[PDB]
Structure formats: C-alpha cells, structure tokens
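# Generate coordinates for the sequence data below:
(chains A, B, C, D and E)
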Amino acid sequence: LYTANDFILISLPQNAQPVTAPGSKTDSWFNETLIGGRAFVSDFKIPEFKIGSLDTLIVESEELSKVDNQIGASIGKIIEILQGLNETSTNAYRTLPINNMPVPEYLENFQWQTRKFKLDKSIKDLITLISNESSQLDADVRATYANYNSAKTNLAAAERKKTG
Amino acid sequence: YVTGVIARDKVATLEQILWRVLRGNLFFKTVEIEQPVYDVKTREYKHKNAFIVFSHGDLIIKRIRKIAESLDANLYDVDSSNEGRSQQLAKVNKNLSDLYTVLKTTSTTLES
Amino acid sequence: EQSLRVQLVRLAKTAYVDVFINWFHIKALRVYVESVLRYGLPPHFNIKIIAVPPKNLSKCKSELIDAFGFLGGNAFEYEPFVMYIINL
Amino acid sequence: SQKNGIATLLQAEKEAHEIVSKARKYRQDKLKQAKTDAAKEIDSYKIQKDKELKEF
Amino acid sequence: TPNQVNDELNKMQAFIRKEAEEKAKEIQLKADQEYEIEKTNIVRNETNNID
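Numbers count the residues shown, from 1 in each chain, chains lettered A, B, ... in the order given. Below, you will see the structure:
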C-alpha cells in the first residue's frame, strides 16, 4: 500500500539523456535511478491543443499555477473536513479511493483529459472550465461546512436543554 | 524588442530572473557602460550596463518592461534601423550640446 | 445533525474525490504548459508518473537535480527540470 | 555566436511577422475577390433577367 | 553555453513561426468561410435585386 508515500511528477524531452548515468536509455536510466531510489513510474500525458502565443502561453501558465494552488487548497480543506467527520480512517490523505480505485491506481492513468474534459479549445478555456468546476466543488464543501455548523449549534442547544 | 541601461552589478540578476519568470527563450545582449554614471536615486557614480533584449508577444514584452522598471532600470526607444538610430543620436547630441552651453552659462552666472 | 453527519458527509466525500480528479487533471494541464514553455516546440515531451517511496523523496529530488542537465538560465525559486511538481 | 544568434533571431521574427501579414492580406484578398468574381455572375444573372423581361 | 543559447534561439524562432502559422491558418479558415459568404451576399444583393 504505502498510501502516505509522496508524489512528484516530472517530464522531459524525448531527446533527453540524463548525465547522472550517461549512456543509459532514457526510460532505462529513469528506472535505474528509480531503482536507485527504489521507485517506480509510468508514462501519463495527453497532447493539449494549446498553440497560443508565447505571451499567451506564459499568462496561461501563471493562471494554471494559481488554479492548481487553489485546487490543492480546496482538496486539503475537503480532506480536513472529512477527517473531522471521522471519515479519513486509514490516513488523512489517499485513504478514500477515487473512481473505484485507490490513489496510486488512479495515478497510474491520466486519460481523464477526454470526453467530459476534452473541450478541444485553447488551454485558457479548459483552465476556466476546470476553475469553475473547482469553484462549484468548493461551494458544495462550504455548504457542507455550513450544515455541520448548524448541526453543531443544534447539538449545543440540545446540551444546554439537557445541561442539568 | 526592448533597450535600456542598468547598473552592471544587477545585470546578471536581471538576466537570471528574466530567464526564470519567463520560462520561454529570449535574446539578451547586455553590454557594460564605458564609464560610470552618477545615479539619480543613489547619488553616486556607479557602473552601468546595457539591457538590450528581444522577445515575441506583446504581453511578454510588457511584463519584461515592468520587470526591468522594477529594478530601477531606465529604458529608451532605441531605433532598430541604422538611419533612424543615427538621426536620433544626432538629435540627442545637438540637444546635449545646447544643454551643455546653457548649463555652463547658468553655472557661471550662479558662481559669479 | 443526522443529515449533516451522514448525507452531507457522503456528498462531501464524493465532492472531495471529484476535486482530487479535477486537481490531477489541472496539474497535468500545468505540466503540459510548462513542458511547452520550458522545453521547446514541437511537442514531443515524455511525462513520468509521480510514484515514489514514502522515505525516498529527498533522494529522488537529489537524483532529479543531478539529472537536470538543461535549463541553464538559472544560476550556473523553480526547479530547472523540464517539468517538476511534487504532490501530496 | 551570441550576437549572430540575436541578429538571426531578430531577422527570423521580422520574416515571420511579414509572412503572417502577407498570409492575412492574401486571405482578405481572396475573400474580397470571391464576391468580386461572383459580381460578374450577378451581372450575368441581371442580363438574363433583362432578357427574360424583353422576351415577356 | 553556446549550445544552450543556440537551442533557445531556435526554440524562440520556432515558436514565432508556429504563432505566425496559427494566425495564417485562422486567416485561411476565415477566408474559406468568407469566400462563400461574400459570394452568396453579392449574389443576393445584386442578382436577387435585379430579379
């Protein structure tokens, strides 16, 4: 299992040949370095349709970094809320399976950028759509937090009624 | 493209930060100034260096200009064409000569 | 109280799973954007999964730093690899 | 070289801008000429309508 | 160092060329649509009015 294990994603050009182990095939060198770290990894990518200008690409990259930070913060808040509700039993993270699969199994595939997400538009449009979906999820989390606060207030009122 | 001058001490830092924040590629052809120039803000004759750079994208150019101005770098509209650059240099030289004359007159009058 | 502790809890769990999927997709998009900015077009980059041992994060980071024989625009804070993002 | 590389990059950027402008101008010219080419057909249709009126 | 600078210059030139090509492709699609659109519009405004 080792669900608590950290995750660090990376990518490199097809012509790359790392100087840490010169002369080794890129996949082979990565695996040996991964074996050096006793690690494993697999290919996971989707060819985006972004062909915007360099300035447009930089703006999109900054917006994507901001959106990724916001999404990570929202995911952490949701995980904390679930843990408060005694849901994150095994661990605070990666305990809950996603898409009928555990966290590493889900990470072992990245074809999600298709159909329901493949707008085939520019990167800006897809980023905006993902941001709107994340905002909707955050609103749902806020509604759940409000319901939890109302439940806490009701429990406090009941305790005051049965104080003694 | 962009063109400006900046202290020769911070030119390496400017190049590094420009190459980092702008993950894409860009051209950089900085050249150190021949003689130190009295900085207006520092009130000292510190060294200077050119900040010639060229890149595509209007937003990228605007961001580069904002970053350069953030590092207390003054920029000028250097003409790419040789004839236009020569004409601008001649006009600047004539204005500078007139300013030298009037400055000398004012300094002499004030000293007297 | 029962509603917030059961139905709201289940809805929040489902929303958290959905948000995790969306965040992974957004991270993939950001990695692709960086691989189009740092590395040069045309797109031929090869991505790698993020799986690593729980206690090997520092060693993996050091190995990646050693293997990052590119992006010399930095000093001879961002990672100098074509793409590098640590999650969880 | 660094200076030669910068000069080549500037020349390539200028050439790319000129090529993009030329392609846009050619596209606009083709779009305009399609109606201009259809203008002759419209004039022929007008002549045919006038001939039909004369026949009537 | 010169290899990195040359690679960066080549990548920047390729990006500029790709942006110009994308703009040209957009202009070409616009021209392909507008050729039929303007032909139909001229045909209407002239031939139908004459009819």
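# which element is the residue most central in space within chain A on?
Ranked by distance to the mean C-alpha position of chain A (C-alpha atoms, centre = their mean), the top residue is residue A:72 at 6.4 Å. Per DSSP states H and E, residue A:72 falls inside helix A:54-84.
# Around chain A, which positions in chain B sit nearby?
B:22-24, B:55-61, B:63 (C-beta under 8 Å from any C-beta of the partner chain). C-beta coordinates here come from the backbone N, C-alpha and C atoms, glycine included.
# In helices, which of the residues you listed appear?
B:58-61, B:63 (DSSP state H).
# which pair in these spans the largest distance?
Of all pairs drawn from those, the greatest distance, 9.8 Å, lies between B:58 and B:63 (C-beta to C-beta).
# shared neighbours of these two, anything?
Taking C-beta atoms under 8 Å, 6 or more residues apart in numbering or on different chains as the contact definition, residue B:58 and residue B:63 share the neighbouring residues residue A:55.
# who's more crowded, these two?
Neighbours per residue (other C-beta atoms under 10 Å in any protein chain shown) separate residue B:58 from residue B:63, with residue B:63 holding more: 19 against 10.
# Show me what residue of chain B gets nearest to chain C.
Chain B approaches chain C most closely through residue B:19 (3.0 Å), counting by C-beta to the nearest C-beta.
# Spell out which parts of chain B neighbour chain D.
If contact is defined as C-beta under 8 Å from any C-beta, the residues of chain B in contact with chain D are B:1, B:27, B:29, B:54, B:56, B:80.
# now for those residues, which pair is the farthest apart?
Across the residues of chain B next to chain D, the two lying at the largest distance from each other (C-beta to C-beta) are B:29 and B:56, at 16.1 Å.
# neighbour count winner among these two?
Set residue B:29 next to residue B:56 and count neighbours by other C-beta under 10 Å: residue B:56 wins out with 23 against 16.
# Check whether that one really touches residue D:14, as I assumed.
No. Contact status for residue B:56 versus residue D:14: not in contact, 10.9 Å apart, counting by C-beta atoms under 8 Å.
# Let me know the helix or strand that the residue nearest the centre of chain D is in.
Centroid-nearest residue in chain D: residue D:29, 1.7 Å away (criterion: C-alpha atoms, centre = their mean). For residue D:29, the host element (DSSP H and E) is helix D:2-55.
# what does chain B have sitting close to chain E?
Proximity of chain B to chain E, by C-beta under 8 Å from any C-beta, involves residues B:24-27, B:55-56.
# Among the residues you listed, name the ones that also lie close to chain C.
Intersecting the residues of chain B next to chain E with the surroundings of chain C, defined as C-beta under 8 Å from any C-beta, gives B:24-25.
# From the residues of chain B next to chain E, which land in strands?
Using DSSP state E to define strands, the subset of these located there is residue B:27.
# Mind giving me the ChimeraX select for the residues of chain B next to chain E, buried ones only?
If you want just the buried ones from these in ChimeraX, going by 16 or more other C-beta atoms under 10 Å in any protein chain shown, the selection is:
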select /B:24,25,26,27,55,56
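# Greatest separation within the residues of chain B next to chain E: which pair is it?
Spatial extent of those (C-beta to C-beta) is set by the pair B:24 and B:27 at 11.4 Å.
# got any residues that touch both of the two?
With contacts defined as C-beta under 8 Å, 6+ apart, the residues shared by residue B:24 and residue B:27 are B:55, E:12.
# Run through the strands of the chain in chain order.
Just so you know, I chose chain A. Secondary structure of chain A (DSSP E): strands at A:7-12.
# The intended chain is chain B.
B:4-6, B:27-28, B:37-38, B:45-46, B:49-50, B:53-54, B:74-75.
# quick one: strands adjacent to the first one?
For strand B:4-6, the pairing partners within the sheet under DSSP bridges are strand B:49-50 (antiparallel), strand B:74-75 (antiparallel).
# Could you do the third one as well?
Each strand paired with strand B:37-38, and its direction, by DSSP bridges: strand B:45-46 (antiparallel).
# got the residues of chain B near chain C?
Within chain B, the residues that sit near chain C (C-beta under 8 Å from any C-beta) are B:15-16, B:19-20, B:23-25.
# and which of these is nearest chain E?
After measuring the residues of chain B next to chain C against chain E - C-beta to the nearest C-beta - the closest member comes out as residue B:25, at 3.6 Å.
# Who are the contact partners of that closest one?
Contact criterion C-beta under 8 Å, 6+ apart gives C:40, E:8-9, E:11-12, E:15 as the residues in contact with residue B:25.
# go again using 6 Å as the cut-off
Contact analysis of residue B:25 by C-beta atoms under 6 Å, 6 or more residues apart in numbering or on different chains lists E:8, E:11-12.
# likewise residue A:55?
Taking C-beta under 6 Å, 6+ apart, we find residue A:55 in contact with B:57, B:59-60.
# Not counting sequence-adjacent ones, nearest residue to it?
With C-beta to C-beta, 6 or more residues apart in numbering or on different chains as the criterion, residue A:55 has its nearest non-adjacent residue at 2.9 Å, and that residue is residue B:57.
# on that earlier part again, pull out the buried positions in the helix holding residue A:72.
A:54-61, A:63-64, A:67-68, A:70-72, A:74-79, A:81-82.
# Distance-wise, check the residue of chain A found nearest chain B relative to residue D:44.
Relative to chain B, the nearest point of chain A is residue A:55 (2.9 Å; C-beta to the nearest C-beta). Distance check for residue A:55 against residue D:44: by C-beta to C-beta, to the nearest Å, it reads 49 Å.
# Then residue B:97?
Taking C-beta to C-beta as the criterion, residue B:97 is separated from residue D:44 by 71 Å.
# What's the separation between residue B:83 and chain D?
Here the criterion is C-beta to the nearest C-beta, to the nearest Å. By it, residue B:83 lies 16 Å from chain D.
# what's the burial count for that residue?
There are 8 residues near residue B:83, going by other C-beta under 10 Å.
# ok, it - contacts?
Going by C-beta under 6 Å, 6+ apart, the list of residues near residue B:83 is empty.
# Now do the helices for the chain: every range, in order, please.
The chain I'm using is chain A. Counting by DSSP H, chain A forms helices over residues A:26-36, A:54-84, A:103-107, A:123-161, given from the N-terminal end onward.
# hmm, I had chain E in mind actually
Using DSSP H, helices in chain E cover E:2-42, E:49-50.
# Same list (those helices) but as TSV, adding distance to residue A:120 and mean neighbour count.
As requested, these are arranged in TSV below (distance: least, C-beta to C-beta, whole Å; neighbours: other C-beta atoms under 10 Å in any protein chain shown):
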stretch	distance to residue A:120	mean neighbour count
helix E:2-42	15	17
helix E:49-50	41	12
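# looking at those, which is closest to residue C:25?
Scanning those with C-beta to C-beta as the criterion, the closest one proves to be helix E:2-42, at 24.4 Å.
# what angle do that closest one and helix A:54-84 make?
For the pair helix E:2-42 and helix A:54-84, the angle between their directions (axes from the mean of the first three to the mean of the last three C-alpha atoms, to 10 degrees) equals 100 degrees.
# helices and strands around helix E:2-42, which ones?
For helix E:2-42, the contact count by 3 or more C-beta pairs under 6 Å, 6 or more residues apart in numbering or on different chains; DSSP states H and E identifies helix D:2-55 as packing neighbours.
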